[PDB]
Structures are given as C-alpha cells and as structure tokens.
A.B. asks: 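What follows is a structure written as structure tokens; I'll ask about it next.
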Amino acid sequence: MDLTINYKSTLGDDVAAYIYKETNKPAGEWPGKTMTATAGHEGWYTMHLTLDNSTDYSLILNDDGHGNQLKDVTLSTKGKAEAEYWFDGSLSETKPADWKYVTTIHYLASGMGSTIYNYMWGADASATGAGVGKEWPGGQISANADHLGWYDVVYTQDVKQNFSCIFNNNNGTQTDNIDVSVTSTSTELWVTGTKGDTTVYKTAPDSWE
Ligand SMILES: OC[C@H]1O[C@H](O[C@H]2[C@H](O)[C@@H](O)[C@@H](O[C@H]3[C@H](O)[C@@H](O)[C@@H](O[C@H]4[C@H](O)[C@@H](O)[C@@H](O)O[C@@H]4CO)O[C@@H]3CO)O[C@@H]2CO)[C@H](O)[C@@H](O)[C@@H]1O
Ligand SMILES: OC[C@H]1O[C@H](O[C@H]2[C@H](O)[C@@H](O)[C@@H](O[C@H]3[C@H](O)[C@@H](O)[C@@H](O)O[C@@H]3CO)O[C@@H]2CO)[C@H](O)[C@@H](O)[C@@H]1O
C-alpha cells in the first residue's frame, strides 16, 4: 500500500521515519527513512513508502540518528489500500486546509523528438497544469534538467481526484492511456514507452539516473 507521512519538524531539518512491526523494518534499519523537505510547505518534511497492509505498524519520528526521537505512535494500516498522515503535535489523517494535491509525472522520451506534450482528462475543475483546458495534443512540457531524456508534468488539484493522461509528440507517437491514482498530496510517477509498450512506475526505475 502507498504510505505517506508528513512531519512538521520539532527536531531540526534532518529527520527520519522509523517504521516497525514484529521486527519487520520497511523503512529500513534505525533511524529509518530520511524525510525530504516538503515542496511548497516550509517547516514540513515528507517520506513515501510502499508497505505490506497485512498488518498495522508503529512509527517513530526521529532526528535521523542524532540522539533524539518522539514517542511511538500506531499506524492502523491493516487492510488499507493507501494512507497519508500529518504529524503536527499529534498524529492526524486530516489534510491541512491550505494543502493541494500535487501529482508529478515523469516521462522518458526516446526517439520521438524534443517537443513533447501531455494530454489530460478526468481531473477536478480546480486542476492546473500543462494540459488542462487543452484539446489534443494537450500542453507542451519542458525537459527535466537533471535527468537526461526525461520530461515532467505537474497537475495540481484542490481535491483528491484520479485522472488520466497521455504523453505524445503531436506526430504519430503517443503512450497508452495512463490511469493516475492519486494516493497522496504529493503523488509521483514515472512513465516509459509508447502505445502497446507503456509502463508506469510508482518508484523510480533504473532508467531514472
Ligand atoms: O517488533 C518487535 C519488538 O518491538 C519492540 O521494539 C521496538 C522498540 O520498542 C522501539 O523503541 C524501537 O527501537 C529502536 C529505538 O527506539 C532506537 O532508539 C534505536 O535503538 C538504539 C539506540 O538508538 C542506541 O542508543 C543503542 O542503545 O542501540 C539501540 C538499538 O537497540 O533503534 C531501535 C530499533 O532498532 O523499535 C523496536 C523494533 O525495531 C519491542 O520493544 C521488542 O520487545 C519487540 O521484540
Ligand atoms: O471520458 C470520455 C472518454 O474517455 C476516454 O477517451 C479518451 C481516449 O481513450 C484517449 O485515448 C484520449 O483520446 C485521444 C487519442 O488518444 C488521441 O490519439 C487523439 O485523437 O486525441 C484523443 C482525445 O481527443 O482521450 C480520450 C478522452 O478525451 C474513453 O476511452 C472514451 O470511451 C470516453 O468516451
């Protein structure tokens, strides 16, 4: 299942989430997984994880191995398909009012030129991003500066609504329909291939350098 934890740090700018159940440590050995500064939310840090929903887990927020940790709290994840938590004085599953759902999708363009488009449909009316309110081929998207051959598109919504999109070059090359499941306020996906050969990754693939 897709886990997301946001923490308004009270332990400094270097923090991690340690998760455990019966000696299972899905976020890694102590101190766990480092939480990255949350985009668009000063003071917050965020980590994502895939874990086995066969069980609940315990969470220990800490300063990433530098001697300080908060008291354990239970993540009642058993049987759930997804879960996003906010920790700001206490554990919450309620999105803060000012937060949006920001979905980032990376596409690896190979031998289809340097002008790439993203066509999008099915999102909430509040949606903003390259392809909103645009008929085929959609909106043109820029290249990822740090990753060669990749292009990025970001769709922001006020509500947690799934949608679909297609990457293309407006010249006969396009992906399969990409069905985007929004599982958190900072959902990230990686896409490769074209029609018949489109693959969607929920964690960065080896192709992501
Ligand atoms: O899952 C089965 C076990 O569950 C329980 O163990 C838990 C602990 O209760 C938690 O506290 C935690 O342990 C952490 C610990 O909190 C953390 O500080 C770190 O411990 C280091 C410590 O920093 C360092 O100073 C030195 O003392 O070594 C310690 C190593 O023990 O890391 C610990 C985890 O590796 O999580 C565990 C589960 O992983 C329960 O208490 C057990 O009885 C049970 O078997
Ligand atoms: O929601 C209504 C509509 O949704 C689906 O249609 C989508 C297509 O499945 C999808 O491929 C895409 O179509 C584009 C073509 O791929 C592209 O080649 C070019 O011709 O532009 C098309 C978009 O105008 O998007 C549409 C939705 O706009 C679903 O399959 C339909 O059954 C359904 O009617």
Side-chain angles (χ1 to χ4, degrees), residues 3 5 7 9-12 14-35 45 47 49-78 85 87 90-91 103 105 107-113 115-141 151 153 155 157 159-182 189 191-200:
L3 175 69
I5 299 171
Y7 171 42
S9 181
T10 54
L11 291 172
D14 186 21
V15 290
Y18 179 72
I19 298 167
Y20 70 89
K21 180 64 171 175
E22 299 295 347
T23 73
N24 298 125
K25 307 174 185 69
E29 290 185 3
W30 183 262
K33 188 170 185 184
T34 303
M35 310 180 73
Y45 298 81
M47 64 88 73
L49 198 73
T50 300
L51 51 81
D52 174 20
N53 74 349
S54 300
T55 66
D56 297 331
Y57 296 83
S58 295
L59 166 70
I60 295 172
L61 295 163
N62 62 67
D63 59 3
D64 205 6
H66 292 108
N68 304 107
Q69 70 192 64
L70 308 183
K71 204 201 184 182
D72 312 37
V73 299
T74 298
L75 310 180
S76 299
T77 46
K78 184 176 184 182
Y85 292 95
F87 197 100
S90 63
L91 191 68
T103 307
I105 307 167
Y107 181 65
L108 176 62
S110 164
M112 58 186 285
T115 50
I116 309 299
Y117 297 83
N118 184 268
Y119 174 80
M120 188 278 291
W121 73 103
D124 177 72
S126 69
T128 65
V132 311
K134 290 188 180 176
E135 295 179 10
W136 189 262
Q140 182 175 5
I141 59 175
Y151 292 74
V153 65
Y155 290 109
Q157 308 179 80
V159 300
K160 188 177 168 293
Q161 191 158 312
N162 297 342
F163 59 97
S164 307
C165 69
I166 296 165
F167 291 96
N168 69 82
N169 61 4
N170 196 20
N171 198 27
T173 305
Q174 70 179 247
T175 64
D176 294 325
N177 289 8
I178 303 156
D179 298 336
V180 179
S181 295
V182 182
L189 300 168
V191 186
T192 61
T194 53
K195 196 87 183 188
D197 193 33
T198 302
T199 313
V200 182

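One-based numbering along the sequence shown. Whatever order the structure lists them in is the order used to number ligands and atoms, beginning at 1.
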A.B. asks: Can you report which non-hydrogen protein atom sits closest to atom 22 (C) of ligand 2, along with the distance?
C.D. replies: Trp136 CE3, 4.2 Å
A.B. asks: Using a 4.0 Å cut-off to any heavy atom of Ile166, which atoms of ligand 2 qualify?
C.D. replies: 10 (C), 11 (O), 12 (C), 16 (O)
A.B. asks: Can you spot which of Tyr119, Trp136, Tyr117 makes a side-chain contact (heavy atoms from CB on, under 4.5 Å) with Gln174?
C.D. replies: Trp136
A.B. asks: What protein heavy atom sits nearest atom 24 (O) of ligand 2, and how far off is it?
C.D. replies: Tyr119 OH, 3.7 Å
A.B. asks: What is the nearest protein non-hydrogen atom to atom 16 (O) of ligand 2, stated with its residue, atom name and distance?
C.D. replies: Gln174 OE1, 3.1 Å
A.B. asks: Would a 4.0 Å cut-off, counted as strictly less than, catch a protein heavy atom around atom 6 (O) of ligand 2?
C.D. replies: no
A.B. asks: Quick one: CG on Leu59 to NZ on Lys21, what's the gap to the nearest 0.5 Å?
C.D. replies: 14.0 Å
A.B. asks: Got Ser164 and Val180 here, is their nearest side-chain heavy-atom distance under 4.5 Å?
C.D. replies: no
A.B. asks: As a test of the contact definition, would atom 19 (C) of ligand 2 count as having a protein heavy-atom neighbour under 4.0 Å?
C.D. replies: yes
A.B. asks: Which residues pass the salt bridge (charged side-chain N to carboxylate O under 4.0 Å, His left out) test with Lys160, not counting sequence neighbours?
C.D. replies: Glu82
A.B. asks: Any idea which part of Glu135 is under 4.0 Å from ligand 2, heavy-atom wise: side chain, backbone, both or neither?
C.D. replies: neither
A.B. asks: In terms of residue, atom name and distance, what is the protein heavy atom nearest to atom 3 (C) of ligand 2?
C.D. replies: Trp121 NE1, 5.0 Å
A.B. asks: Show your reasoning for whether ring pair (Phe, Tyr, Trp, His ring centres under 6.0 Å) applies to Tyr155 and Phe163.
C.D. replies: CA-CA 10 Å; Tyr155 290 109; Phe163 59 97; 5.6 Å; yes
A.B. asks: Parallel under 30°, tilted from 30 to 60°, perpendicular over 60°: which one fits the rings of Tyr7 and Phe87?
C.D. replies: perpendicular
A.B. asks: NZ of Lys33 to CD1 of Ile19: how many Å apart, nearest 0.5 Å?
C.D. replies: 9.0 Å
A.B. asks: Distances under 3.5 Å, N/O of ligand 1 against N/O of the protein: list each pair and its distance.
C.D. replies:
from, atom 1, to, atom 2, distance (Å)
ligand 1, 1 (O), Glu22, N, 3.3
ligand 1, 1 (O), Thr23, N, 3.0
ligand 1, 16 (O), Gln69, NE2, 3.0
ligand 1, 18 (O), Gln69, OE1, 2.8
ligand 1, 39 (O), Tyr18, OH, 2.5

A.B. asks: List the steps and the verdict of side-chain contact (heavy atoms from CB on, under 4.5 Å) for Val15 and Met35.
C.D. replies: CA-CA 6 Å; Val15 290; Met35 310 180 73; 4.2 Å; yes
A.B. asks: In the structure I gave you, are the side-chain heavy atoms of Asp14 and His66 within less than 4.5 Å of one another anywhere?
C.D. replies: yes
A.B. asks: Is atom 30 (O) of ligand 2 less than 4.0 angstrom from at least one protein heavy atom?
C.D. replies: no
A.B. asks: Got the closest protein heavy atom to atom 9 (O) of ligand 2, with its distance?
C.D. replies: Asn177 ND2, 3.1 Å
A.B. asks: Evaluate the side-chain proximity of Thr173 to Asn168: yes if any heavy-atom separation is below 4.5 Å, no if none is.
C.D. replies: no
A.B. asks: CH2/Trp121 to SG/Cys165 distance, rounded to the nearest 0.5 angstrom?
C.D. replies: 7.0 Å
A.B. asks: What's the separation between atom OH in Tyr151 and atom CD in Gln140, rounded to the nearest 0.5 Å?
C.D. replies: 9.0 Å
A.B. asks: Can you find a protein heavy atom under 4.0 Å from atom 33 (C) of ligand 2?
C.D. replies: no
A.B. asks: Please indicate, with yes or no, if any protein heavy atom is found under 4.0 Å from atom 11 (O) of ligand 2?
C.D. replies: yes
